[PDB]
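First comes the structure, then the notes that go with it.
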Amino acid sequence: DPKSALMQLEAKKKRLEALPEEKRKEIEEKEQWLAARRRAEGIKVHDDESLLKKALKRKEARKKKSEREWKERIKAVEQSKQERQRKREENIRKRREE
Amino acid sequence: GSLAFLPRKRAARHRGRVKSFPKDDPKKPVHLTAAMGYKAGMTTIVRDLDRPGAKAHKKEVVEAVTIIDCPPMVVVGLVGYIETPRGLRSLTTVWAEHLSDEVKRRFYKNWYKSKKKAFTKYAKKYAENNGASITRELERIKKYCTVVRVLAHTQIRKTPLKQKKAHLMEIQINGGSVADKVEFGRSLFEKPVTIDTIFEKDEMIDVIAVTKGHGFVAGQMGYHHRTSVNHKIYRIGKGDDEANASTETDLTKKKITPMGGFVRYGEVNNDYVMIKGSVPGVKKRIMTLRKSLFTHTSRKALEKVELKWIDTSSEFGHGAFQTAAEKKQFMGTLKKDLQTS
Amino acid sequence: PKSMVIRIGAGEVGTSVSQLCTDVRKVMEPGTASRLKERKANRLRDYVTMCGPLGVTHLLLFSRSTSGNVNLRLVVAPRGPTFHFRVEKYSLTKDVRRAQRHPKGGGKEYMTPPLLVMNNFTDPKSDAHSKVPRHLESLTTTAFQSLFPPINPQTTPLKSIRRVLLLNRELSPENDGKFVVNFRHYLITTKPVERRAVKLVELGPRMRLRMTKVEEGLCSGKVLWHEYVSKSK
RNA sequence: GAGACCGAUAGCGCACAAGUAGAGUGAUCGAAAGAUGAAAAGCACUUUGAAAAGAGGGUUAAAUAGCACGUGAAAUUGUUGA
RNA sequence: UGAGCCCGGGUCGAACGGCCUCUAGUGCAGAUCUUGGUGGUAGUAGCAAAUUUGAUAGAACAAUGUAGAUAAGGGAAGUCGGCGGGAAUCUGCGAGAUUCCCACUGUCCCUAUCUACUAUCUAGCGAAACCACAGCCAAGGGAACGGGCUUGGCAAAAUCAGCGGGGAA
RNA sequence: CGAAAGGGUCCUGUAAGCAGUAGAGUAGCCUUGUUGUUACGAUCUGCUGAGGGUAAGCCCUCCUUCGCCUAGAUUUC
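Protein chains in written order, with the entry's author numbering: chain Cf, 440 to 537; chain LB, 12 to 228, 268 to 391; chain Cg, 32 to 224, 320 to 359.
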């Protein structure tokens with residue numbers, strides 16, 4: 440989940456900002472070395488601010504188009520039922536004329 | 012579009028069916044009606060026009076001409092047709108012994124994994140003095156048949172193509188009595204026939220091919275069986291001459307193949323037919339040449355052609371060097387050639 | 032696991048580097064693109080965007096500086112890491128074959144990748160000097176172990192086992208040594224003396335590597351360890 | 001204490017967790033849902049395998065009575081056969 | 001005759017029937033009927049709400065175009081426009097000599113730029129509207145009523161993609 | 001046959017680097033120079049018809065090289 444990855448990376452930046460400067464750089468070298476280790480082993484880590492934000496933006500856009508597709512289809516179905524009742528009342532009035 | 016050519020259908024067969032042959036009368040001498048080659052490409056020629064009454068009379072005229080590589084074809088069979096109230100129908104066919112590997116590849120579909128058994132019992136029937144049956148079939152053809160066709164195959168092993176399967180076709184024998192044409196075919200068995208033998212100089216013919224399928228950008271657009279009529283053979287080249295593209299006007303010893311070879315085809319070493327104008331089909335494709343059904347009605351036919359030269363600059367670019375000799379002479383010496391030497 | 036060898040790192044290429052890269056590709060067969068023809072207008076972006084859909088996991092880049100120094104950049108697609116080795120001494124496969132009394136031509140063995148053998152690299156802590164061991168050497172081991180496909184001794188056909196790739200470290204676990212990387216290639220010949323004798327024949331190329339520098343990404347990222355330049359905190 | 005009453009879509013909304021579960025800001029609205037077997041004797045044990053699942057084997061008068069359980073129609077579905 | 005009744009075969013396990021009367025909450029195809037269950041549509045549409053936050057999984061791809069805009073170019077049309085700048089040519093740096101264009105429009109199109117909209121496959125999940133039964137064509141079929149029927153033309157399984165024919169004032 | 005090479009053929013335009021007082025000029029140093037010299041300097045001259053590419057839908061090689069071989073799954077009188 441991109442949201443879960445965002446939460447994890449937010450916790451990561453809070454920890455980085457809380458720890459002191461010399462060991463900012465020390466632990467930073469540490470997770471870079473380990474990052475290279477598991478990613479070279481093959482574990483594709485997913486930690487990039489722009490990439491995750493743009494993935495979330497794509498998901499939100501997909502949801503928006505889907506909601507619009509709802510509104511169109513639902514309005515069409517309601518229109519169909521309304522029309523059916525409309526000619527039913529039409530034909531009842533025709534019978535009353537007859 | 013024209014209603015005679017719609018709906019747009021794919022060509023059922025990649026070869027191309029001849030359908031109609033010229034009408035037969037017994038009075039002419041015997042002759043085959045068809046031949047096959049492969050579209051190699053086209054070049055440019057300039058010609059001293061000999062059309063009286065034309066604006067460009069006795070002037071240089073530049074034309075585009077198709078080259079068809081035409082290796083000698085081998086006669087491997089005769090067929091006898093009988094006329095019936097339901098049309099013509101195959102009465103009986105006779106084959107030849109020692110059928111070629113390539114015609115056997117035509118008879119087969121998966122040649123690499125099949126043990127070569129086709130026509131083996133037929134060759135045995137020839138070999139074991141069933142000449143009784145052989146002469147029986149020939150006598151049946153002579154007695155009951157009115158139309159005879161020679162089965163002839165063209166030879167990829169001489170053509171410069173990655174293909175290895177031969178090309179077969181039936182070619183009618185006209186101009187003579189049925190017995191005469193059957194004897195002529197019987198003589199023809201197991202002998203190559205040249206395009207000098209089938210066709211001849213400066214003459215009008217018909218050409219059958221399958222026009223290219225324009226695929227991958268209401269339906270099939272392309273790959274259509276087309277017989278284009280009225281195309282004039284201007285030249286027949288010999289392969290072995292090496293002065294094929296050479297013309298009397300320029301004594302430049304070169305073959306019909308331009309610098310670098312034909313693009314996407316190669317280099318031709320055989321008999322070839324050089325015909326005027328654009329012609330249906332593409333390169334490497336089988337081209338079916340045949341005689342006109344009717345005697346000609348224009349001076350364009352029986353107009354004799356005199357050539358000047360044939361474009362042999364590399365068609366892979368905008369070259370202007372006909373021969374490697376003149377090219378290496380004009381460019382002079384280069385540093386890479388000097389270092390090699 | 033697929034790897035490609037490219038000369039795009041150098042501004043221009045010559046016969047020596049071309050032969051070296053051809054030999055490296057021959058070593059990398061069959062998991063490499065032999066017909067990769069480098070063009071001057073190409074770039075690292077084009078090559079990585081080709082690696083993307085091609086599923087290539089590793090990329091060797093042979094660069095040549097204006098001074099004539101040659102560098103080998105081993106990068107893992109498509110986001111790094113990057114390892115900068117410097118060329119100290121190199122020999123061509125043709126020269127190796129000429130020097131060898133009985134050179135063996137490559138054959139059906141092109142179908143099988145070489146087994147990686149790794150010597151003198153220190154994985155466990157011996158002096159707690161973690162900066163070289165626990166930062167550089169483990170990454171080296173993982174990088175090459177991923178460069179070559181994982182080897183399961185319990186399923187690999189011994190008759191297919193024909194090539195070996197040697198990586199010998201001139202360095203001691205006490206962080207004392209010349210820190211030199213020795214890359215070599217050998218062909219296996221099995222002779223019946320079951321007792322079988324294994325004879326290894328040089329195939330080349332011989333490679334003298336200086337572990338110069340490292341990057342997190344594809345030719346990008348912070349310098350994690352540079353031998354000559356240590357950045358302050 | 002009784003009935004020429006109804007017998008689980010009936011009879012009170014409720015034969016059973018029923019004004020329960022649930023909805024609504026709120027006044028209020030408000031269901032569905034019974035039966036193994038005489039007695040759990042509710043399948044020991046072996047063997048598949050990630051399961052609300054099988055093959056043996058056992059209990060019972062009967063398990064195609066196995067807590068999906070008194071009997072088990074039609075709609076609909078599958079295999080075999082014509 | 002009929003609504004119905006009796007028996008044979010299987011299942012099944014606790015009550016039931018014939019006749020005379022008495023009684024009634026007593027007989028279903030419809031009610032866009034009630035409840036419950038189950039179909040075609042359909043493994044289709046599409047991944048959309050539902051099923052400590054939220055969340056289909058791989059492969060791909062980066063294109064194709066569309067709408068709305070721009071004190072940009074070109075072409076076209078109409079007029080009462082055309083008879084300093086740019087583009088060139090000739091000649092021996094030459095005041096060097098000579099040739100072409102510049103307008104406006106409440107007019108049309110294209111190309112250039114901006115904003116916005118756009119994306120496929122395989123796996124997994126997976127509805128809804130609608131449904132008396134089904135759809136070749138021609139003429140006839142009194143009541144501008146045809147899918148029934150008559151006479152003909154004919155008529156060969158099953159898929160994907162285009163396509164056009166029917167459904168009084 | 002199908003992976004390098006070689007040759008052919010087209011394409012672009014004369015590669016890096018080196019050597020030229022060639023280079024509008026600029027700032028110093030000496031016995032002051034009719035190739036003064038040291039540093040910077042777009043750009044011009046020779047190596048250099050150079051360099052590089054050339055099949056993914058261009059040709060030809062005598063082994064130019066090297067490799068691959070009678071498979072394996074179903075169906076049909």
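Every residue, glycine too, gets a C-beta built ideally from N, C-alpha and C.
Could you name the residues of chain Cg that residue i contacts, counting a contact when the two beta carbons are closer than 8 Å?
{"i": "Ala-479 (chain Cf)", "result": "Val-107, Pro-112, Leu-170, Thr-173, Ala-174, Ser-177"}
{"i": "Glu-488 (chain Cf)", "result": "Under the 8 Å cutoff, chain Cg gives no residues; its nearest Cβ is about 15 Å from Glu-488 (chain Cf)."}
Could you tell me whether the Cβ of residue i comes closer than 7 Å to any Cβ of chain Cf?
{"i": "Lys-156 (chain Cg)", "result": "no"}
{"i": "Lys-339 (chain Cg)", "result": "no"}
{"i": "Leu-350 (chain Cg)", "result": "yes"}
Please tell me whether residue i has its Cβ less than 7 Å away from any Cβ of chain Cg.
{"i": "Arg-454 (chain Cf)", "result": "no"}
{"i": "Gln-471 (chain Cf)", "result": "yes"}
{"i": "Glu-461 (chain Cf)", "result": "yes"}
{"i": "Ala-444 (chain Cf)", "result": "no"}
What is the C-beta distance between residue i and residue j, in whole angstroms, given that I count them as a contact (C-beta under 8 Å)?
{"i": "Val-101 (chain Cg)", "j": "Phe-93 (chain Cg)", "result": "7 Å"}
{"i": "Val-221 (chain LB)", "j": "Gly-27 (chain LB)", "result": "6 Å"}
{"i": "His-225 (chain LB)", "j": "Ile-325 (chain LB)", "result": "About 24 Å; that fails the 8 Å criterion."}
{"i": "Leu-170 (chain Cg)", "j": "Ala-479 (chain Cf)", "result": "7 Å"}
{"i": "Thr-80 (chain Cg)", "j": "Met-35 (chain Cg)", "result": "That belief does not hold up - the Cβ atoms of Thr-80 (chain Cg) and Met-35 (chain Cg) are roughly 13 Å apart, past 8 Å."}
{"i": "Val-86 (chain LB)", "j": "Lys-202 (chain LB)", "result": "6 Å"}
{"i": "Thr-157 (chain LB)", "j": "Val-189 (chain LB)", "result": "6 Å"}
{"i": "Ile-184 (chain LB)", "j": "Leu-43 (chain LB)", "result": "6 Å"}
Against residue i, what residues of chain Cg qualify as contacts under a CB-to-CB distance less than 7 Å, listed in chain order?
{"i": "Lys-464 (chain Cf)", "result": "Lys-359"}
Which chain Cf residues are close to residue i, counting only those with a beta carbon under 8 Å from its beta carbon?
{"i": "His-166 (chain Cg)", "result": "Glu-468, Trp-472"}
{"i": "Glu-342 (chain Cg)", "result": "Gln-471, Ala-474, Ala-475"}
Any idea which residues DSSP pairs residue i with across the strands?
{"i": "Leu-162 (chain LB)", "result": "LB:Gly-88, LB:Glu-181"}
{"i": "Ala-323 (chain Cg)", "result": "Cg:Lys-222"}
{"i": "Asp-80 (chain LB)", "result": "LB:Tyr-49, LB:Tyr-322"}
{"i": "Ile-531 (chain Cf)", "result": "According to DSSP, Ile-531 (chain Cf) bridges with nothing at all."}
{"i": "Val-204 (chain LB)", "result": "LB:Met-84"}
{"i": "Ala-220 (chain LB)", "result": "LB:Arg-276"}
{"i": "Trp-472 (chain Cf)", "result": "Its beta-bridge partners do not exist; DSSP assigns none."}
{"i": "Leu-147 (chain Cg)", "result": "Cg:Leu-196"}
{"i": "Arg-332 (chain Cg)", "result": "Cg:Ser-122"}
{"i": "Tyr-217 (chain Cg)", "result": "Cg:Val-195, Cg:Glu-328"}
{"i": "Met-35 (chain Cg)", "result": "Cg:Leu-90"}
{"i": "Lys-282 (chain LB)", "result": "LB:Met-215"}
{"i": "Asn-102 (chain Cg)", "result": "Cg:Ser-94, Cg:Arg-117"}
{"i": "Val-105 (chain LB)", "result": "LB:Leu-89"}
Output, in sequence order along the chain, the residues in the stretch 482-509 of chain Cf whose CB is closer than 8 Å to any CB in chain Cg. If the cut-off is 8 Å between Cβ atoms, the stretch 482-509 of chain Cf has nothing near chain Cg.
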